[PDB]
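Consider the single chain below, provided in structure tokens and representing the form deposited in one PDB entry.
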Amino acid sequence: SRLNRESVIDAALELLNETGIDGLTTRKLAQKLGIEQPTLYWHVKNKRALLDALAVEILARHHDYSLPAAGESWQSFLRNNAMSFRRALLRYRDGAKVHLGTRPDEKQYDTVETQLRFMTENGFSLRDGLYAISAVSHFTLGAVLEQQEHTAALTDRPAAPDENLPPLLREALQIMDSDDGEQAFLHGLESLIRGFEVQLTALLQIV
């Protein structure tokens, strides 16, 4: 079919969403596209190339809160940004796995510069701003990852009997599985943001 960047990415993203990160192989991508492998190799040289581009395009399509509103608090911005990041990562199977270990792409430079600049404008050093942004990303990535993988592990094998569970775990597990991970994520998110605040506002005060 069509082999421009957009369509290769389209198809890869579909393939990723079907079969996960394990099924995103250049052989299987060729089959989806209805092409031979040397044809695909002209456009895509290897899996890592593809993963990097999927990471970028997942956010370009589905990460709608990359930048703060006018006069937005840094706390509101991080909260909205994280929610948005999470939603984007959850949109495709292994979406979070695809992002891991990437660094911002040239197409993301202005955006991520603005984010970094905004944190500094709000009282953070670059370093402390970056630590906050990293922490929010990492927390969100792990939350999504554990959600997405747990759901995949369910399809493979079942959990063991309820019968053997000690009571707080048994209850913990019901809570965990009472939603998709969203409640615990939002709660963790506010914790995290408030700790940044405690840190920012302490300035030199031992805190």
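One-based numbering along the sequence shown. Between two forms, the rigid core is defined as the largest C-alpha subset superposing within 1.5 Å.
**Q** Does the comparison with other PDB entries of this protein show residue 63 lacking coordinates in a third or more of them, where both adjacent residues are built?
**A** In none of the comparable entries (those modelling both sides of it) is residue 63 left without coordinates.
**Q** Look at the other compared PDB entries that model both sides of residue 158, then say whether a third or more of them leave it out.
**A** Counting only entries that model residues on both sides, residue 158 is unresolved in at least a third of them.
**Q** Which is higher in the entry, the mean Cα B factor of 183-191 or that of 6-14?
**A** Stretch with the higher mean C-alpha B-factor: 6-14.
**Q** Please compare 132-140 with 105-113 and say which has the higher mean C-alpha temperature factor in the record.
**A** Taking the mean C-alpha B-factor of 132-140 and of 105-113, the larger value falls to 105-113.
**Q** Going by the CA temperature factor in the entry, name the top one among 69, 40, 53, 145.
**A** Largest recorded C-alpha B-factor: 69.
**Q** Please rank the C-alpha B-factors of the chain's modelled residues and tell me whether residue 58 sits in the lowest, middle or highest third.
**A** Lowest third of the chain for residue 58's C-alpha B-factor.
What follows is about the form deposited in another entry, which we do not show.
**Q** Please look at 85, 92, 77, 124 and say which one has a C-alpha shift reaching 2 Å or more between the shown form and the other one, core superposed.
**A** Single residue meeting the criterion: 124.
**Q** On a rigid core superposition, would residue 199 pass a 2 Å threshold for CA movement between the shown form and the other one?
**A** Superposed on the core, residue 199 moves its C-alpha 2 Å or more between the shown form and the other one.
**Q** If the CA atoms of residue 41 and residue 101 move by 3 Å or more in the other entry, do they move toward each other or away, so closer or farther than here?
**A** Compared with this form, residue 41 and residue 101 lie closer in the other entry.
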